[PDB]
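Below: the structure, in structure tokens.
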Amino acid sequence: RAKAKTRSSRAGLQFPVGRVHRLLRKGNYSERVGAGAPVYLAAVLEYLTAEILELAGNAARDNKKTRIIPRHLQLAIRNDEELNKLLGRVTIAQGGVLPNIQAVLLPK
Amino acid sequence: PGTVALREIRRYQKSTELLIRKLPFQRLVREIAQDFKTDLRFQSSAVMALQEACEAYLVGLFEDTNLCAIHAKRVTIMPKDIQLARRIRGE
Amino acid sequence: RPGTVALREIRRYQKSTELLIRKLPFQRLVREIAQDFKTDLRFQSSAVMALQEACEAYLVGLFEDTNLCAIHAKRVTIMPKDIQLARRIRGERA
Amino acid sequence: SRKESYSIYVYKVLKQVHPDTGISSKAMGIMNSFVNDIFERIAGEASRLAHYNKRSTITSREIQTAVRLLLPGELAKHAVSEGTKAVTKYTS
Amino acid sequence: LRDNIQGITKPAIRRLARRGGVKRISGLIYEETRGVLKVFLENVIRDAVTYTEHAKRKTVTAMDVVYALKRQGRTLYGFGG
Amino acid sequence: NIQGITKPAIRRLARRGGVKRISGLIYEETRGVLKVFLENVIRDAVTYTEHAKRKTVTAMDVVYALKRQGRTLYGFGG
């Protein structure tokens, strides 16, 4: 037996692969979990979360801010059609709505 | 003039906090719960999760009603624009 | 003779469990659209004909919402901007 | 007692893109909600795929397929590429 | 008393309308909106109570309502679950 | 070749939907609605087929696609 380290580190991964391996069995999704499946799901969750976290940081950068709030997260969704589709059934607490006007409202 | 309401649009679209008064909403939530069933009581977080879902749902209804009125060549909403916005959603 | 009883169509194309698009042109329509994701496809007859039933039902379901949009928008006539309203408020044109 | 959430891990991943940036407690809750919603979507989709195949095993190919029903755009193939990289590097 | 749902005030409904981007608002719209607002709770509180009645608790949790909102296709972040 | 679904067929679908007056720009824009719907159920079905590794696109793979879109169907496989 040896001094422990995360299985994610050998996979090249940033989230806890061990508890993903727990959740995939303990949630009764199948009788067996393949050795790659929790590594793969951690990689998928990380990839998609990092992709939206750049848009979150960029939404704060656009508003010239340094601390993320739910408004920057709503702006991150409304800056990308993949997120506008994926999160189309999602409510963001205190995120508000994208500011928009139909041209008919405008004077002249 | 009759049109500087367009500045209210931009202010309340910049703003992102909840708009209905918490006490009136909590009173209504409790009244609707209590004539439904006995001794149901709400954590503050449940009343907030309700109110956020309600106000997001009504912002969606008003966006949908806006497009119905714009489609009807109006600049005004009448209860019939809401009744289209329900039937066209299947609500 | 001319210019009377448009309900001649209403009274014909909904008397039974019929489908309105002809079979041979539908069977050569779907295959070209399918192969762009992955080619070398073959098809069951029971696969292709399961598409048309969903398609015609969805098209009919749109037109059912669409004529009320025209009536609300002060028209008897349906026009492309009715579909711009309906398909966006159902959340699908997004 | 612990309550199963990702608060420190999403703030660890933020350094991939914006080391300059802080996270409000509210925003931390939103991103904690995001990662578990995508889990409930993928674990359900992969289990329904496995049910249609009657298999005892989930696999890299159940999730590779489930991600393609999660997203229409190429972020699906990039996430699928990242999963196949990670499983390869883990097993080598 | 003000229990007739008129406690959801005219200017509050009008502010939701302004965030929603609508221009001129006819004076029956506030009351039509109060009708929708009741019916939304007749879906959401009712099903949230069916989740409270899964455990048969006295306290409604944020989880109980998030489960009702999930089956009703209007999911919510920040509260968890 | 989309023109195999006919000018009277696109009218017939609207008439089965009960429409009165129309304007003819509806027809090609309705072929646009149908094209994206038909492409979605096809691409979903081929995505389910390639998980089963067969080259033969098969009725239950179309059923899994339609069931994911919330739609239930019978006679073919059901």
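In this analysis, Cβ positions are derived from the backbone assuming ideal geometry, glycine residues included, and neighbour counts consider all displayed protein chains. Rule-based calculations on the coordinates, nothing more; no lab input.
Show me the three semi-axes of the equivalent ellipsoid for chain F, from the C-alpha gyration tensor (sqrt of 5 times each eigenvalue), largest first, rounded to whole Å.
Each semi-axis is √(5λ); the values are 30, 14, 11 Å.
Separation between the B:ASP35 and B:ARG10 pseudo-spin-labels, each 7 Å from Cα along Cα→Cβ, expressed in nm?
Taking the simple label geometry, B:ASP35 and B:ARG10 are separated by 4.3 nm.
Per-residue Cβ counts within 10 Å, from other chains only, averaged over A:81-88: what number is that?
Mean partner-chain Cβ count within 10 Å for A:81-88: 4.
Per DSSP helix of 4 or more residues, -39500 (n - 2.57); summed, then divided by the residues of chain B. What does that give at 222 nm, rounded to the nearest 500?
-23500 deg cm²/dmol
Work out the count of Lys pairs in chain F where the Cα-Cα distance is under 30 Å, with the pair 8 or more places apart or on different chains.
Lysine pairs, 8 or more places apart or on different chains, close enough: 8.
Summarise the long-distance tail of P(r) for chain D by giving the % of C-alpha pairs beyond 18 Å.
Pairs farther apart than 18 Å: 60 percent.
Quick check on chain E: helices-only [θ] at 222 nm, where DSSP H runs of length 4 and up contribute -39,500 (n - 2.57) each and the sum goes over total residues. Nearest 500, please.
Computed ellipticity for chain E at 222 nm equals -19000 deg cm²/dmol.
Give the calculated FRET efficiency between A:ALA35 and C:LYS81 to the nearest 0.05, with a Förster radius of 51 Å applied to their Cβ-Cβ distance.
0.40
Using Cβ contacts closer than 10 Å as the measure, can you line up D:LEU69, E:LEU28 from fewest to most?
Going from least to most buried by this count: E:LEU28, D:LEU69.
Sum -39500 (n - 2.57) across every DSSP H segment of at least 4 residues in chain A, then divide by the residue count to get the 222 nm mean residue ellipticity, nearest 500.
Taken over chain A, the calculation gives -16000 deg cm²/dmol.
When ranked by the protection proxy of mean other Cβ atoms within 10 Å per residue, highest first, what sequence do the peptides F:8-17, A:98-107, A:79-88, B:62-71 form?
In descending order of packing, they fall as B:62-71, F:8-17, A:79-88, A:98-107.
Note down the magnitude of the dipole of chain E about its Cα centre, charges +1 on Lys and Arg C-beta and -1 on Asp and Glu C-beta and zero elsewhere, to the nearest 20 debye.
About 380 debye.
Can you give me the C-alpha center-to-center distance between region C:46-94 and region E:1-66, rounded to a whole angstrom?
About 30 Å separates the Cα centre of region C:46-94 from the one of region E:1-66.
Over the Cα atoms of the protein assembly as shown, how large are the radius of gyration and the largest Cα-Cα distance (Dmax), in Å?
For the protein assembly as shown, the Cα radius of gyration and maximum Cα-Cα distance read 25.7, 95 Å.
Over 11 Å apart: what share of the alpha carbon pairs of region A:21-66 falls there, rounded to a whole percent?
71
Take every Cα pair under 8 Å in chain D that's 6+ residues apart, average their separations, divide by the length, and report that relative contact order as a whole percent.
Taking the mean separation of contacting Cα pairs over the length of chain D, I get 18 percent.
Summarise the long-distance tail of P(r) for region A:7-105 by giving the % of C-alpha pairs beyond 19 Å.
The share of Cα pairs beyond 19 Å in region A:7-105 comes to 57 percent.
Rounding to the nearest 20 debye, state how big the charge dipole of chain B is about its Cα centre with +1 on each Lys and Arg Cβ and -1 on each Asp and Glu Cβ.
Computed about the Cα centre, the dipole is about 280 debye.
In what sequence do C:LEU24, A:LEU24, B:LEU6 fall when counting other Cβ within 10 Å, fewest first?
Ranked by crowding around the Cβ, least crowded first: C:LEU24, B:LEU6, A:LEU24.
Report relative contact order for chain F in percent, whole number only (criteria: Cα-Cα under 8 Å, sequence separation at least 6).
After rounding, I find 21 percent.
Positive end of the dipole of the protein assembly as shown, charges at C-beta (+1 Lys, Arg; -1 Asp, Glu), about the Cα centre: which of E:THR50, A:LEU106, D:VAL80 has its Cα farthest in that direction?
A:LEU106
Taking neighbour Cβ counts within 10 Å as the exposure measure, how do A:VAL44, D:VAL87 sort from fewest upward?
Arranged by neighbour count, lowest to highest, A:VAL44, D:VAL87 become D:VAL87, A:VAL44.
Note the direction-averaged projected area, equal to a quarter of the hull surface, for the Cα convex hull of chain B, in nm².
8.1
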